[PDB]
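The chain below stands alone, shown as structure tokens; this is the form deposited in one PDB entry.
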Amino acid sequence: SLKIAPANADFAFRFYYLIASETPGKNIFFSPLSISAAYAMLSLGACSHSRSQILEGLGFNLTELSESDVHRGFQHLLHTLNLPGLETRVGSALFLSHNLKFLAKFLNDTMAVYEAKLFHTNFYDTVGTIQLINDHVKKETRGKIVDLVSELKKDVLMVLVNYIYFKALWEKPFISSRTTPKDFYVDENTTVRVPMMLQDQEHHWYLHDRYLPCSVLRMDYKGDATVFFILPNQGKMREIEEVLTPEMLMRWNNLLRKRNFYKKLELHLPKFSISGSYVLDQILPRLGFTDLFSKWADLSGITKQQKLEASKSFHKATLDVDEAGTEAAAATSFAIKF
């Protein structure tokens, strides 16, 4: 899965930067991997220019990587994440119209590469179909992602979905009796109260950046995951966002591989929850996906029976941080109409 890692990280930070620039001063939370895997899966049903353009919008350099390299990369990535103090589950599904004749190759590819489950539903029953899809996503995300599909047009013949569920224990957990309410300074004028967790007996991996107005803490989970908490100096969030790239993440990661930066730390971190909710059909045209959301999209790898077009695409995500660990969940939908 390492061949696709550069493109996936590129897409992650492109998406972040667009949200942060278009809606400043707002909580942001999404799973870039869920979006990438959903759209890569969708691309199995796209033909000709539309296929290449989806993969390009996802950051793939198709002079360096074959389409096979991308899909097999995702297959290995997803298999690895699903393997047995860390729960990660990633899955996919297609909700297929009972009426329409789907191309077996497309169906076969989504099952082989993305482990997709195939479900049949009656899209004449909009209310029932929305409940069926949203209940599946809710179940798979242990209740975290509710109402993924918030709208569903009458002429829809397929909805693609994927989800990610992540629950992981801290290597260095907090003692919950030390958690007390503290001030959190949202901006110059605005202060809220939050439960603030405290640990001060442990060594942690952290640095105060000599080149940028921020500090960086990396906390390990039990299992093969970590989290970087990046703390801009007061009022300097936008300056850090301007340089928030895959290359900057790898700079910080590499600095924090030297035990010079493993030191005793007094850490105050809030216990909190945030979420994100995005309309991808409204956002993604500005990240390379104009073709896919246009009248010109060639989705004729899904069926030859009707001329298909993109309909709504949603992403929702939640983050829950407490003394024991982190829980994060997300899901992405993509509806196809005729």
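Rigid core here is just the name for the largest C-alpha set that superposes within 1.5 Å across the two forms. Residue indices: 1-based, along the sequence shown.
Just so you know, the form deposited in another entry exists too; it's not on screen, but the next bit is about it.
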**Report entry** Displaced position between the shown form and the other one, chosen from 221, 95, 74, 174 (C-alpha, 2 Å or more, rigid core)
**Finding:** 95
Report task. Compare the position of the CA of residue 269 between the shown form and the other one after a rigid core fit and state whether the shift reaches 2 Å. Result -> no
Requested in this report: Using a superposition on the rigid core, decide whether the Cα position of residue 110 changes by 2 angstroms or more between the shown form and the other one.
Outcome: no
Query raised in the report: Superposing on the rigid core, do we see a C-alpha displacement of 2 Å or more at residue 121 between the shown form and the other one?
Result: yes
Report task. Over in the other structure, so in the other form, do residue 314 and residue 161 pull closer or drift farther apart at the C-alpha level? The difference is 3 angstroms or more. Result -> closer
Query raised in the report: Do residue 72 and residue 310 have their C-alpha atoms closer or farther apart in the other form than here, with the shift being 3 angstroms or more?
Result: farther
